Amino acid sequence: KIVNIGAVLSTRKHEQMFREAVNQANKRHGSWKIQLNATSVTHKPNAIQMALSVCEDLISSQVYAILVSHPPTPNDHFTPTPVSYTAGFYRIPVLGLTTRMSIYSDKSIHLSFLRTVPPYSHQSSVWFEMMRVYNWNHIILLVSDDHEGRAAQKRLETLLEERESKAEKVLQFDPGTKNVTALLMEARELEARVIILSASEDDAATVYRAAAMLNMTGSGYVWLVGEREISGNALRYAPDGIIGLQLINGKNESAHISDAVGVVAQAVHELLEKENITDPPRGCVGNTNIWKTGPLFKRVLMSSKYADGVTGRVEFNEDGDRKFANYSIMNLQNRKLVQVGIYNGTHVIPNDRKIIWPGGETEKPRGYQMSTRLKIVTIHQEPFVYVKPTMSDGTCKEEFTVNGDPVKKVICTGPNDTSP
Amino acid sequence: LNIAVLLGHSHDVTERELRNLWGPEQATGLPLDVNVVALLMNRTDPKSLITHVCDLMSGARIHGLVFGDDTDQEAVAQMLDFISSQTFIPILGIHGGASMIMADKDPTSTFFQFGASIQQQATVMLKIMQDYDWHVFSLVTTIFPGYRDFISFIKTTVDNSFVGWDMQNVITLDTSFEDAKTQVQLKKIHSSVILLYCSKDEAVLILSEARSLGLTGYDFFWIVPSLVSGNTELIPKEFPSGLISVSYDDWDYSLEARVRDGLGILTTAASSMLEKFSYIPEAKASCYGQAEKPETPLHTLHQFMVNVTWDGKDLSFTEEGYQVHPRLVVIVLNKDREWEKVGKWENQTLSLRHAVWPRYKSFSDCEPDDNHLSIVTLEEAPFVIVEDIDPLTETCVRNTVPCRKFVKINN
Amino acid sequence: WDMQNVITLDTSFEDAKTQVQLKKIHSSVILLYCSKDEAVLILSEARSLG
Amino acid sequence: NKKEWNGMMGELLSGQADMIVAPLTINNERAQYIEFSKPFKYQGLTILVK
Ligand SMILES: *[C@@H]1O[C@H](CO)[C@@H](O)[C@H](O)[C@H]1NC(C)=O
Ligand SMILES: *[C@@H]1O[C@H](CO)[C@@H](O)[C@H](O)[C@H]1NC(C)=O
Ligand SMILES: *[C@@H]1O[C@H](CO)[C@@H](O)[C@H](O)[C@H]1NC(C)=O
Ligand SMILES: *[C@@H]1O[C@H](CO)[C@@H](O)[C@H](O)[C@H]1NC(C)=O
Ligand SMILES: *[C@@H]1O[C@H](CO)[C@@H](O)[C@H](O)[C@H]1NC(C)=O
Ligand SMILES: *[C@@H]1O[C@H](CO)[C@@H](O)[C@H](O)[C@H]1NC(C)=O
Ligand SMILES: *[C@@H]1O[C@H](CO)[C@@H](O)[C@H](O)[C@H]1NC(C)=O
Ligand SMILES: *[C@@H]1O[C@H](CO)[C@@H](O)[C@H](O)[C@H]1NC(C)=O
Ligand SMILES: *[C@@H]1O[C@H](CO)[C@@H](O)[C@H](O)[C@H]1NC(C)=O
Ligand SMILES: *[C@@H]1O[C@H](CO)[C@@H](O)[C@H](O)[C@H]1NC(C)=O
Ligand SMILES: *[C@@H]1O[C@H](CO)[C@@H](O)[C@H](O)[C@H]1NC(C)=O
Ligand SMILES: *[C@@H]1O[C@H](CO)[C@@H](O)[C@H](O)[C@H]1NC(C)=O
Ligand SMILES: *[C@@H]1O[C@H](CO)[C@@H](O)[C@H](O)[C@H]1NC(C)=O
């Protein structure tokens, strides 16, 4: 008659905050014989002994819900993935806290993993809704990383499928390259100026440093990025007037801990409704089979609906992500972050603040400059397209017709013979 | 180099045969040292898995892992995908859950599986539908994962085909159904051929509703992958007798040929890299006692074994981490409520033993009879002209009808 | 009269074999001969069948 | 095993061109992917013989 909860968490003070959230979770459900015990673990210098300490501690603990959060590492190591793999072997449910990569979009990779923070692909939702603000229909997508940018491209095409509008050009390329000037010059020559970017820190810094010297930050250009593109050396090289998005309480983990504790509390006290309550095995030495009500309790988590907590209404989708998070539409004004709007569950609310664009006036840029250089193509047709070589030096002769009318010629280009 | 073959099996494959398997093989030794260590394990829990893998990586710097499994749980390979990200060892998955196919990996992972992706399997199923001229189809999709990619691959396959498909509305399902909205979704179906991508638990309920809704006539057909149809040991009574499935589980290609091909791929990659690069053995020291930023190697076999051929076998691997020309077997659920090999798949050609397609009519014991009329004819120059199959579509053109000619070899 | 062959029923229907007979109806105009006790089930089925 | 379009539609759908000004024989297949204008010339088919 106890419920064990494993907290894979960073600091001892936030461990005490987690234990206080466990203590506060015992209030509204009475003095029933069920109890809530908490076991916390910390960092390890790699991903191997993370998996080691996590697997022995969570097998010896026999937990139900697992809360994992390790942002603060100075290296690029980020993955809480072996904890999710170890639990998803036994289908033990994990509440991820502060991981945001879209590789958790596949439940085949993560069988018993749910999180109450949305991944970056849901930012594309705002990237549709902002188009609804400005009636834009020709966008330029720019994606460096292929680890998750295929999912963002999928989400953007899904959002454009309902209106049946087309993205004019998408770009997938090398993570961590220096020759993105070719990418930007190939992206220059369209009628669209709305540019959408989602990358890492150094890739964003590279394309900012390229596009600043390539005159693609002035009038007409629209720069719409995500949260990872306004920090670090990308923020150091950031062009002004850029529109970005920010998660409200994205780095605030402490209230998110208590919100997840309330989610676990209502999930457990809904789990006691149905019968055949199963127990976590001793999977260290002796037990290899999975836990029985894994998909059952996961479907219980699919029926989650909340009206309490600091975040308030938290709800899981069909992919186990976060529904309806408020965002902060931020703007960069003279290398200072300026709040210029908020994002509802499904709506965009501009505030009374001033929106400053990277170009000239602060009006909204109708940045569809129609191409006056309409590139005409044809073929050598004998009655219609007479093709002659150069007359004197790359020129033509103003000949006359038989009826007193000069033959109108034009300087075209083309090959001479066949390709083999 | 040092190569470990750990095979957790319930079927008794003895370890001494696995050790002496290298004997009659190519013992010419293009590397100076080609050593194998065979192991068994009767408990495949992930603690012991990581323990034995770290023991083998500490076991004289083993540069290649060969793992199979007898149990039917794919999540073992879900652990193994992590292990390539740390041990930096080329790992091949042989049998069981190691042979069960996961979707997407990491670029810093040298882990590979003997099997076939779901898109290659859908290509094989649509090749079946091409070869039997079944064009009017539907698509029943539950919330079992990979389903949106499955729908997208079918749509991009239809858009890139000269077949002339007739896709009906893609049937979507919310959850474990109350038979209220999914009732209407199944009653949207009135076509013949139905594709089904669901789970093994929900397949019995969906096909039981389809038998209740009369969607299991012998005019109709049902084609599923092996991700929903499990092993041969569990065949429920609710499945329609005639269910076409596509699986990688060959029985002629048993565990001995599997580990022989795995050792052949590993030694071929190591030998061909030895003729390109000099100092081939590069291994991690141990799983214990290290900080962050692990000592990454420079020349690995991940960027090298794109081409490999073992005595004619196209065992090459894709850039995404799957087989280029895998081995697939098309089976049906015959009248004896079992699974019989209908056709194996070559590099491109769908070899079909039964080009005659029988009815497999015994779905219930109460069905109407004698609707397919077996009709014979004869070639005459102004009446019946019979030509070969078209090379562009591998399909008879729209005014022509399919037939078969019984062509013998000799006397 | 371009008349399809007569779709008949047997009992308070199982929604197994009469449903296939209703799926034979790719026509527009339907003459229905039944009582009030069965027409609710018939029209609920045809509403379910589209 | 992917469909492709060569020729002037190849240079148009890649973005290298903007407008095909040519004796474009209008057919259903090219109408399924791009849009046309009303034809400047009405013209059938014939056989050149000696
Ligand atoms: C509760 O968890 C703590 C974790 O340190 C453990 O020491 C203790 O034995 C547990 N108590 C029960 C009753 O499970
Ligand atoms: C790489 O960038 C440089 C500087 O912009 C440019 O001169 C060069 O042409 C680019 N490389 C290619 C292959 O275009
Ligand atoms: C960018 O702008 C500067 C001054 O506005 C000009 O000298 C330079 O040629 C421009 N470069 C390009 C590629 O347009
Ligand atoms: C997180 O939550 C509150 C309210 O969102 C925020 O103002 C504060 O910075 C954080 N509070 C704590 C206790 O961490
Ligand atoms: C619980 O298990 C019993 C078998 O002991 C079964 O009869 C019953 O239906 C189950 N109840 C559920 C799954 O709600
Ligand atoms: C988002 O903000 C609005 C108003 O600012 C509030 O009504 C709503 O409850 C918030 N939703 C969440 C999930 O925080
Ligand atoms: C913000 O969201 C809430 C809840 O979804 C709802 O009041 C409405 O959709 C939005 N409010 C507005 C647009 O004033
Ligand atoms: C094109 O080819 C012809 C004959 O093949 C040759 O005489 C001529 O110099 C070529 N170059 C031109 C027209 O620039
Ligand atoms: C095989 O199973 C037995 C259990 O009967 C176990 O004791 C033994 O350790 C297993 N063998 C290996 C190599 O693990
Ligand atoms: C096959 O592999 C060899 C190395 O083993 C490589 O040199 C060759 O390019 C590959 N492809 C072909 C078509 O031979
Ligand atoms: C691949 O398939 C073709 C059938 O078109 C066959 O002719 C060829 O021999 C096959 N390749 C090999 C290596 O057998
Ligand atoms: C027997 O097979 C050979 C194959 O080379 C063929 O040429 C010959 O015509 C066959 N004989 C008969 C009688 O069909
Ligand atoms: C042998 O085959 C040929 C044609 O293949 C034909 O005469 C007949 O089918 C056979 N003849 C005998 C005598 O078996």
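Protein chains in written order, with the deposited numbering: chain A, 25 to 444; chain B, 34 to 444; chain C, 198 to 247; chain D, 494 to 543. We treat Cβ as the ideally placed atom computed from N, Cα and C, and that holds for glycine.
Cutoff 8 Å: residue i Cβ touching any chain C Cβ
i      : result
B/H168 : no
B/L246 : yes
B/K220 : yes
B/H223 : yes
Backbone secondary structure at residue i - three-state DSSP
i      : result
B/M158 : helix
A/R346 : strand
B/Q218 : helix
C/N202 : coil
B/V99  : strand
C/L240 : helix
A/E253 : helix
A/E294 : helix
B/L34  : coil
A/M240 : coil
A/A31  : strand
B/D347 : strand
A/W151 : helix
A/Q363 : strand
Under 7 Å by beta carbon: chain A residues contacting residue i
i      : result
D/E522 : Here the premise fails: no neighbours, minimum Cβ distance about 18 Å.
D/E504 : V401
D/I513 : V401
B/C231 : Within 7 Å Cβ-Cβ: nothing; B/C231 doesn't reach chain A, min ~14 Å.
D/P516 : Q405, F408
8 Å Cβ cutoff, residue i in contact with chain D
i      : result
A/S395 : yes
Cβ-heavy atom distance, residue i to ligand 4, below 7 Å
i      : result
A/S93  : no
A/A284 : no
Any non-hydrogen atom of ligand 7 closer than 7 Å to residue i Cβ
i      : result
B/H223 : no
A/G336 : no
Any non-hydrogen atom of ligand 11 closer than 7 Å to residue i Cβ
i      : result
B/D347 : yes
B/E379 : yes
Within chain B, the residues that residue i reaches when beta carbons sit closer than 9 Å
i      : result
C/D207 : Within 9 Å Cβ-Cβ: nothing; C/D207 doesn't reach chain B, min ~13 Å.
A/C308 : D78, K80, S81
Extent of the continuous beta strand (DSSP E) run through residue i
i     : result
B/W55 : Note, B/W55: premise wrong, no beta strand (DSSP E); not H, not E.
Proximal residues of chain D, C-beta to C-beta of residue i below 9 Å
i      : result
B/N193 : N494, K495, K496
Below-8 Å beta-carbon distance, residue i vs any chain A residue
i                      : result
D/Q509                 : yes
residue 445 of chain B : Nothing can be reported for residue 445 of chain B, as the shown portion of chain B is limited to 34 through 444.
Contact test: residue i Cβ vs ligand 2 heavy atom, cutoff 7 Å
i      : result
B/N53  : no
A/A206 : yes
Near ligand 6: residue i beta-carbon under 7 Å from a heavy atom
i      : result
A/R139 : no
Neighbour list for residue i in chain B, Cβ cutoff strictly below 7 Å
i      : result
C/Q216 : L246, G247
A/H146 : By Cβ distance, chain B contributes nothing, its closest Cβ being about 15 Å from A/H146, past 7 Å.
CB contact below 8 Å: residue i versus chain B
i      : result
C/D234 : no
A/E80  : yes
A/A71  : yes
A/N341 : no
A/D130 : yes
Distance cut-off 7 Å: residue i Cβ against heavy atoms of ligand 3
i      : result
A/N159 : no
Listed by chain order, chain A residues near residue i by CB distance under 8 Å
i      : result
B/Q111 : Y109, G112, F113, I133, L135
Proximal chain D residues relative to residue i, where beta-carbon distance stays under 8 Å
i      : result
A/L398 : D511, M512
Residue i Cβ short of 7 Å to ligand 8 heavy atom set
i      : result
A/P374 : no
Interface partners of residue i on chain B, CB under 8 Å
i      : result
A/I314 : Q106, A108
Limits of the alpha helix (DSSP H) - the one that residue i falls within
i      : result
A/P106 : 105 to 113
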